[PDB]
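S.K.: Chains as they are written, first to last, in full-length UniProt numbering: chain A, 1053 to 1346; chain B, 466 to 514; chain C, 222 to 270; chain D, 81 to 220; chain E, 1249 to 1297; chain F, 270 to 338, 377 to 416; chain G, 26 to 74; chain H, 418 to 466.
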Amino acid sequence: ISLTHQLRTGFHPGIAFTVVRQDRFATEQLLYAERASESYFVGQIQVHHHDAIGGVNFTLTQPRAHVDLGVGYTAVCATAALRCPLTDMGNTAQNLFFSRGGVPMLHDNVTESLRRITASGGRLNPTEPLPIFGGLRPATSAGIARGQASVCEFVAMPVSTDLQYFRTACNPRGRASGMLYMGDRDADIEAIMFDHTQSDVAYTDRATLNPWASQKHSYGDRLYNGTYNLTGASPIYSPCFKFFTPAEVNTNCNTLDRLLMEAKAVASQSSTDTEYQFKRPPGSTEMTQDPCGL
Amino acid sequence: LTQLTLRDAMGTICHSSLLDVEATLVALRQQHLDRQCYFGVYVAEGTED
Amino acid sequence: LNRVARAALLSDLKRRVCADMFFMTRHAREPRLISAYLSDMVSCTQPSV
Amino acid sequence: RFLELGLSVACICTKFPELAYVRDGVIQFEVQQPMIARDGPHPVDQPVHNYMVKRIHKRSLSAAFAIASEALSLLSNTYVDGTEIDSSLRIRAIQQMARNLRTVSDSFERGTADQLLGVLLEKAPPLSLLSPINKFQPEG
Amino acid sequence: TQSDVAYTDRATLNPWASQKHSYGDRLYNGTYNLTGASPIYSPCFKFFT
Amino acid sequence: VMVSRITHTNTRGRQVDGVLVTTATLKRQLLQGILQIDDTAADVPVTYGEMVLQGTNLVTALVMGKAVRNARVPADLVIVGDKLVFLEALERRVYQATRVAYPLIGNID
Amino acid sequence: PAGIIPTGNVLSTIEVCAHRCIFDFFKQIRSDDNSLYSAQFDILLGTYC
Amino acid sequence: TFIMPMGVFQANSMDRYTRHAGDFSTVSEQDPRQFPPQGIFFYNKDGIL
C-alpha cells in the first residue's frame, strides 16, 4: 500500500512504468507471375438430397482437387506503402483478477481498499462483493471512437552502459540472437536456449540485457508461462505467447526449404474484434499475419 | 502531440504471483548447490557467559 | 464492418476533412499531379444505365 | 468474360471433371543433376538426382439464393386446369428466372478466382528476401 | 453509469461540470429557454444536445 | 523447361507468362510521368477442352484401380526490363453492393 | 465385387455360408448394398522433363 | 586492418583548445573534458559504436 504510494501522488517512486503500441495495420496485395503450370479444370454438378422449414434445394455440385508437384515452387513481389493512412492511440493498464485458483483468508477489507482503493487513471473501474468460479459475462461499457484499450504489455530493461544498444540496434527480452534452427544439431536449447558457455549472440561488449532475468522459471515473466492454469482461467495471449515458449523440432527441419517451411498459424494472438482484448470463446478461425514470430 | 506524466500503476502490482514459493524453485529441485556455504546463517540464545 | 473497421475508416473521414483540398489555391509553387486532387475521382466512384 | 481478358493462361489443360472416382494423386517430377567437379583438389561430388513424396489441401462448398413455395404451389397443373386468364402470371413467369440462373448459376463463375489466391494468396509470404535468392547461394 | 465518452482516460482537463442542466444545459439547449426575449441569431441553440 | 506449339506475345510471333491481384489508385501511378502505352494487336485464341475414351484402357480403369496418364482484344501490354508487361487489372468485372467478408488487407501486429 | 466378365461357371449350389472357415474373405449381402458402388481410383498426371 | 589509438592524451597545451566558449562544457563545477580519455568508440560491422 506505500509502493504504489510512490505510485500515486508526488514522489515519482522507487519504481516506474511504460508503454508499447497496439493498433490495426490492414494489408492489401500485388505480385509478379510467369507461364502455364497452375492447371485449371472445368466440369459439372453432383448430389445428395433433403427437405426443410418451407424449403428444398440446389446447394449440390461440381467438386475439385489439385496438385503439388514442386521441386521448388513459384512467386516473388516488391511493394507499395499502406493506402491513405490508418493509425490511432492512447493510455493506461492490464488485467490480473478476473479468474481464479487461489487460497484463503486472514486479512481482506482493506485491500478491499485496493480495487474499492486500486483500479486507477482511465475509463471504468470495478466491483465490490466477490462470488466465485465462472466465465463471467457482465455489465455495460462503450462503443467505438478511438482506442480499444490500445494498451501496453510491460517488459523492462534494467540498466546501464555508454552510447550504442537503446542509441543503435535493439528489442525486448534479449539479444540479437538465434537459437540455431538447423545446423550443428537440435537437442541443445538448455546452453544455446538455457545454461551457459561463451560471449554474446549479439552485443558482446557486456553479458545480457537487464541485471535480473535471463533463464528458466522466473518472475516478471512469472507474469507469463502456461501449462498449469493461465491458459486455463483468464485467457490470454499474454503479453507474449511466443516471446519465452515452446517452438519447434519434430517434422521437417532442414535449413533451406523450410526456410520456406516455418513462421505460421497456430491458435493465436490479436485480431479485429472490438473493445479491450479477450481470449477464447468459440467462433472465429480467421488467419491474420504476424510478421514478428521467432 | 500528447502527455503521459504522473498517474497509474495501481490497479496493478499489489499483485499475487510474486511472493512465489512453491513451484518455480520446485521445477529446479535436485542438484547440489554451487560453491557456497554459510558465510554465517545459523542463530542462538545467550551464551551462559 | 461491425465494431473494429466502422469506427476508424470514417476516422478516415475527418483527415481528408483536415489537410488537403485547397490543393491549387495557395502558393505559386507546387503543381502538376493530376494524381489524387485532378486524376483519382471521375472513374472510381460510379454511374447508371 | 474469361477468353479475351485476362484472368488465365498460367495453368495446364489436363483432365477430370467429374473428379474423384479419382481417389488419388501424389504427382511429381525429378531433376537430374549432372557431374560437377571443380578445378582444383576438392572433394567428392556426384551425378545426383531428386525425386519426390507428398501432402496437399482443400476447403468445403456451395453458392447462394433461397425463397418460398412456388414449386408445387402451382406445379399442380401441367396441361388441363387453368384455361383462361393467367396472362400476366406467365408473362411475369418468363423474364424473372433468366437473370438469377444466367446470374444465379454463374456464382462459381463467381467462385474460380478466390480459391486459387487463398492457397496462391495462402501458400506464399514476403519479399526483400527473395532478392538475394539470387545474390547468396549457388555452390556452398 | 461508469466513465465517459469522448477522449479516453480523463473526465476532465479543467474541472468543473458534466451531466444535465444548471448553467449547464440552456446556455446552449432546448427544453426551458432563457436566451431571452425576442429574435435570436447569434446562434447556438442547436449547439448543445 | 518450355514446350508447346506456339504463339503468346505482343504482335509478330512467340511465348509467355502468369497471374495477378490488388485494387485501384496504383494504375493510376505509373500514368502521370515515367512509363507508358506499349503494344497493339492480338490474334489470341477462344476456348477450353474436351475428351474421348471407352474400351480397354480404362479396362485398366473400371475393375482394378489406380490411375496413370484467336479472338482479338486489348487486354494489353506494358513493359518491365526489355520485355513487355501488361496493366489493366481487376477492378472492372465482379460483385457490387451487399453484406459479408473475407481475407485480404486488414490489420496486423 | 469385380465387374470383370466371369471366367467360368461354378457347378455347385450349396450353402457356402456353412463353410466360412475356408477362403480368405467372406461377405454376404442379402439383396443388394451400396458397397457395390464405389469407383475410387488413383491418379497420375504425366511426364515432366 | 583497422587501427585506433585509445589512451592518447594531447600533451601540448595549445592543442587542448575548444572551438567556442564552451565547445564541450557542463553544468558541474569541474568540466571533465580535461580528464584524460580512457576508451575508444567505433562503429561496428553494423553501424554500432
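Yeah, the Cβ is synthetic: ideal placement off N, Cα and C, and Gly gets one too.
(1) What residues from chain G crowd round residue 102 of chain D, counting only those whose CB sits closer than 7 Å?
(2) For residue 1258 of chain A, which of helix, strand or coil comes out of DSSP?
(3) Kindly indicate the opening and closing residues of the alpha helix (DSSP H) around residue 1058 of chain A.
(4) How many Å lie between residue 281 of chain F and residue 113 of chain D at the Cα?
(5) Anyone know if the C-beta pair for residue 1227 of chain A and residue 1260 of chain A falls short of 8 Å?
(6) Establish whether the CB of residue 85 of chain D and some CB of chain F are separated by less than 8 Å.
(7) I want to see whether chain J comes within less than 8 Å of residue 317 of chain F, judged by CB atoms only; does it?
(8) Closer than 8 Å by C-beta to residue 451 of chain H: which residues in its own chain qualify, once you throw out the five before and the five after it? Chain order, please.
(9) Between the C-alpha atoms of residue 1229 of chain A and residue 1238 of chain A, what's the straight-line distance to the nearest angstrom?
(10) Which residues in the same chain have their Cβ closer than 6 Å to the Cβ of residue 1232 of chain A, if we skip the five residues on either side of it in sequence?
(11) Under 8 Å, Cβ to Cβ, is there at least one residue of chain E near residue 1306 of chain A?
(12) Pick from F:391, F:387, F:325, F:403: whose alpha carbon is nearest that of residue 29 of chain G?
(13) With DSSP as the reference, label residue 166 of chain D as helix, strand or coil.
(14) So, with DSSP's three-state summary, where would you put residue 233 of chain C?
(15) Enumerated in chain order, which unbroken segments of the alpha helix (DSSP H) with a length of 4 residues or greater are wholly contained in the stretch 1097-1166 of chain A?
(16) Which residues in the same chain have their Cβ closer than 7 Å to the Cβ of residue 309 of chain F, if we skip the five residues on either side of it in sequence?
(17) Using 8 Å as the limit for Cβ to Cβ distance, is residue 497 of chain B near chain A?
(18) Determine the DSSP secondary structure at residue 319 of chain F, reduced to helix, strand or coil.
(19) Apart from the five residues on each side of it in sequence, which residues of its chain come closer than 7 Å, Cβ to Cβ, to residue 1213 of chain A?
(20) Measuring only the C-alpha atoms, how far is residue 140 of chain D from residue 1056 of chain A?
(21) Please name the residue in D:149, D:110, D:121 whose C-alpha comes closest to that of residue 129 of chain D.
(22) Between the Cα of residue 1256 of chain A and the Cα atoms of A:1221, A:1187, A:1097, which residue gives the shortest distance?
(23) Could you tell me which chain D residues have their CB closer than 9 Å to the CB of residue 287 of chain F, listed as they occur along the chain?
(24) Note down, in chain order, every chain E residue with its Cβ under 7 Å from the Cβ of residue 1143 of chain A.
(25) Tell me, which residues are paired with residue 393 of chain F by DSSP?
(26) Which of helix, strand or coil does DSSP assign to residue 1093 of chain A?
(27) Could you tell me which of C:241, C:224, C:225, C:222 sits nearest to residue 1136 of chain A, measuring between CA atoms?
(28) Anything in the stretch 482-507 of chain B with a Cβ closer than 7 Å to a Cβ of chain A? List those residues in chain order, please.
(29) Specify the secondary structure class of residue 487 of chain B as computed by DSSP and reduced to three states.
(30) Along the chain, where does the alpha helix (DSSP H) that runs through residue 219 of chain D open and close?
(31) Give a yes or no on contact between the stretch 1165-1176 of chain A and the stretch 473-483 of chain B, applying the rule of three or more CB pairs nearer than 8 Å.
(32) So, for residue 1210 of chain A: in the same chain, excluding its five sequence neighbours on each side, which residues have a beta-carbon less than 7 Å away from its beta-carbon?
(33) What is the DSSP secondary structure of residue 427 of chain H, reduced to helix, strand or coil?
(34) How would you list, in chain order, the residues of chain D whose beta-carbon sits under 9 Å from the beta-carbon of residue 71 of chain G?
(35) Contact criterion: CB-CB distance below 8 Å. Does residue 224 of chain F meet it with respect to chain D?
(36) Quick one: measure Cβ to Cβ for residue 1293 of chain A and residue 1070 of chain A, integer angstroms, because I've assumed they're closer than 8 Å.
M.R.: Let me spell this out:
(1) The residue you call residue 102 of chain D lines up with position 22 of the fourth sequence. Those are 66, 68, listed as they occur along chain G.
(2) Within the first sequence, the letter at position 206 stands for residue 1258 of chain A. Note: residue 1258 of chain A maps to strand in three-state DSSP.
(3) Numbered from its first residue, the first sequence carries residue 1058 of chain A at position 6. Residues 1057-1060.
(4) Sequence index remark: in the sixth sequence, residue 281 of chain F carries index 12 (1-based). Sequence index remark: in the fourth sequence, residue 113 of chain D carries index 33 (1-based). Taken atom to atom, the span from the alpha-carbon of residue 281 of chain F to that of residue 113 of chain D is near 37 Å.
(5) Here residue 1227 of chain A corresponds to residue number 175 of the first sequence, with the count starting at 1. Here residue 1260 of chain A corresponds to residue number 208 of the first sequence, with the count starting at 1. In contact: residue 1227 of chain A and residue 1260 of chain A (Cβ atoms closer than 8 Å).
(6) Reading the fourth sequence from its first residue, position 5 is the one you call residue 85 of chain D. With 8 Å as the cut-off, residue 85 of chain D counts as an interface residue toward chain F.
(7) Of the chains in the structure shown, none is chain J; the protein chains are A, B, C, D, E, F, G and H.
(8) One-based indexing of the eighth sequence puts residue 451 of chain H at position 34. Sequence-distant partners of residue 451 of chain H (beyond 5 residues in either direction) whose C-beta falls short of 8 Å from its own C-beta, in its chain, are 433.
(9) For the purposes of this step, residue 1229 of chain A is taken as the residue at position 177 of the first sequence. For the purposes of this step, residue 1238 of chain A is taken as the residue at position 186 of the first sequence. Straight-line measurement puts the Cα of residue 1238 of chain A at about 16 Å from the Cα of residue 1229 of chain A.
(10) Along the first sequence, read from residue 1 onward, the residue named residue 1232 of chain A stands at position 180. Counting only Cβ-Cβ distances below 6 Å, and skipping sequence neighbours, we find 1244.
(11) Residue numbering aside, residue 1306 of chain A sits at position 254 when the first sequence is read from its first letter. Output row for residue 1306 of chain A: interface = no.
(12) For this step, residue 29 of chain G is matched to residue 4 along the seventh sequence. Answer by Cα proximity: F:325.
(13) Counting from one through the fourth sequence, the residue named residue 166 of chain D turns up at place 86. Correct three-state label for residue 166 of chain D: coil.
(14) Mapped onto the third sequence, residue 233 of chain C falls at position 12. Residue state, collapsed to three classes: helix.
(15) List check, alpha helix (DSSP H) in window: nothing returned.
(16) For the purposes of this step, residue 309 of chain F is identified with residue 40 of the sixth sequence, where counting begins at 1. Closer than 7 Å at Cβ, skipping near neighbours: 280.
(17) By one-based count along the second sequence, residue 497 of chain B stands at place 32. Interface with chain A (8 Å Cβ-Cβ cutoff): residue 497 of chain B is excluded.
(18) On the sixth sequence, position 50 is the one that residue 319 of chain F refers to. In this structure, residue 319 of chain F counts as coil in the three-state DSSP scheme.
(19) Translated into the one-based positions of the first sequence, residue 1213 of chain A becomes position 161. Excluding sequence positions up to five before and after residue 1213 of chain A, its CB lies within less than 7 Å of the CB of 1258, all in the same chain and listed in chain order.
(20) If you number the fourth sequence from 1, residue 140 of chain D lands on position 60. If you number the first sequence from 1, residue 1056 of chain A lands on position 4. Here the alpha carbons of residue 1056 of chain A and residue 140 of chain D stand approximately 55 Å from one another.
(21) In the fourth sequence, residue 129 of chain D corresponds to position 49, counting from 1. For residue 129 of chain D, the closest alpha carbon among the candidates D:149, D:110, D:121 is that of D:110.
(22) Locating residue 1256 of chain A in the first sequence gives position 204, counting from the first residue. Comparing Cα-Cα distances from residue 1256 of chain A to each of A:1221, A:1187, A:1097, the minimum goes to A:1221.
(23) One-based indexing of the sixth sequence puts residue 287 of chain F at position 18. Counting only Cβ-Cβ distances below 9 Å, residue 287 of chain F has contacts in chain D at 89, 90, in chain order.
(24) As a working mapping, residue 1143 of chain A is identified with position 91 in the first sequence. Using a Cβ-Cβ cut-off of 7 Å, residue 1143 of chain A is close to 1257 of chain E, given in chain order.
(25) Taking the sixth sequence and counting its residues from 1, one reaches residue 393 of chain F at position 86. BP columns for residue 393 of chain F point to F:384.
(26) In the first sequence, residue 1093 of chain A corresponds to position 41, counting from 1. Three-state DSSP puts residue 1093 of chain A in coil, outside helix and strand.
(27) Stepping through the first sequence from its first residue, residue 1136 of chain A is reached at position 84. Closest option to residue 1136 of chain A, Cα to Cα, is C:241.
(28) If the cut-off is 7 Å between Cβ atoms, the stretch 482-507 of chain B has 482, 483, 485, 489, 492, 493 near chain A.
(29) Taking the first residue of the second sequence as position 1, residue 487 of chain B is located at position 22. Shown here, residue 487 of chain B sits in coil according to DSSP, grouped into three states, outside any helix or strand.
(30) Translated into positions along the fourth sequence, residue 219 of chain D becomes position 139. Neither: residue 219 of chain D is in no alpha helix (DSSP H) and is coded neither H nor E.
(31) Yes, since at least three Cβ pairs between the stretch 1165-1176 of chain A and the stretch 473-483 of chain B fall closer than 8 Å, the two stretches touch.
(32) Here residue 1210 of chain A corresponds to residue number 158 of the first sequence, with the count starting at 1. Same-chain partners within the cutoff: 1262, 1263, 1264.
(33) As a first step, residue 427 of chain H is located in the eighth sequence; it is residue number 10 there, counting from the start. In the structure shown, residue 427 of chain H sits in coil (DSSP, three-state: anything other than H, G, I, E or B).
(34) Residue numbering aside, residue 71 of chain G sits at position 46 when the seventh sequence is read from its first letter. What residue 71 of chain G touches in chain D: 94, 107, 109.
(35) For residue 224 of chain F there is no data in the structure shown, the boundaries of chain F being 270 and 416.
(36) The count along the first sequence starts at 1 and reaches residue 1293 of chain A at position 241. The count along the first sequence starts at 1 and reaches residue 1070 of chain A at position 18. Not really, about 20 Å apart at Cβ, beyond 8 Å.
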